[PDB]
Amino acid sequence: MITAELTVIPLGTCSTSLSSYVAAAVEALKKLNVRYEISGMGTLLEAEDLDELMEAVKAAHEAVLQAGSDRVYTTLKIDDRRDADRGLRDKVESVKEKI
Numbered sequence: 001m002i003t004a005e006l007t008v009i010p011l012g013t014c015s016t017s018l019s020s021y022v023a024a025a026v027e028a029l030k031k032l033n034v035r036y037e038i039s040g041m042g043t044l045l046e047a048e049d050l051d052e053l054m055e056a057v058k059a060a061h062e063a064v065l066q067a068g069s070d071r072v073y074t075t076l077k078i079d080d081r082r083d084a085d086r087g088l089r090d091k092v093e094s095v096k097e098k099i
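Position one of the sequence shown corresponds to residue 1 (the deposited numbering), numbered consecutively onward.
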């Protein structure tokens, strides 16, 4: 159970609206064996292993280039916890419980 966040940002798009580019990135992500959740600042992910995650990230990145962008700025944050199984929801609830 690996949790992560991915943001694929095309640059020099000549439009401040990037939703179609992001939807294309997510559409590419959907083809891999990962769970995702679209959030206000990037797409949240859950994967069973690093290989799938990297393949999903490469796919998302490539989809934006294929979509027509000549410059893509991609960010990936990985939270890999091996001494406990924690999904996105588990982590949210753990923090809330402590508030």
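We put the CB at the ideal spot given by N, CA and C, even for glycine.
Query	Result
Using the C-alpha atoms, what's the distance from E97 back to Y73?	35 Å
Would you call the region 51-69 in contact with the region 86-93, where contact means no fewer than 3 C-beta pairs closer than 8 Å?	no
Using the Cβ count rule (16 or more neighbours within 10 Å means buried), how would you classify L11?	exposed
What distance in whole Å lies between the Cβ atoms of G42 and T7, which are believed to be in contact at a cut-off of 8 Å?	4 Å
Below 7 Å CB to CB, which residues in the same chain sit around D70 once its five sequence neighbours on both sides are set aside?	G12
I'd like to know whether the C-beta atoms of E46 and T3 end up nearer to each other than 8 Å.	yes
Taking the straight line between their C-alpha atoms, what separation do you get for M54 and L44?	14 Å
Answer with buried or exposed for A28, where buried requires no fewer than 16 other C-beta atoms within 10 angstroms of its C-beta.	buried
Return the first residue and the last residue of the beta strand (DSSP E) that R35 is part of.	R35 to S39
Could you tell me the alpha carbon to alpha carbon distance between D79 and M1, rounded to whole angstroms?	10 Å
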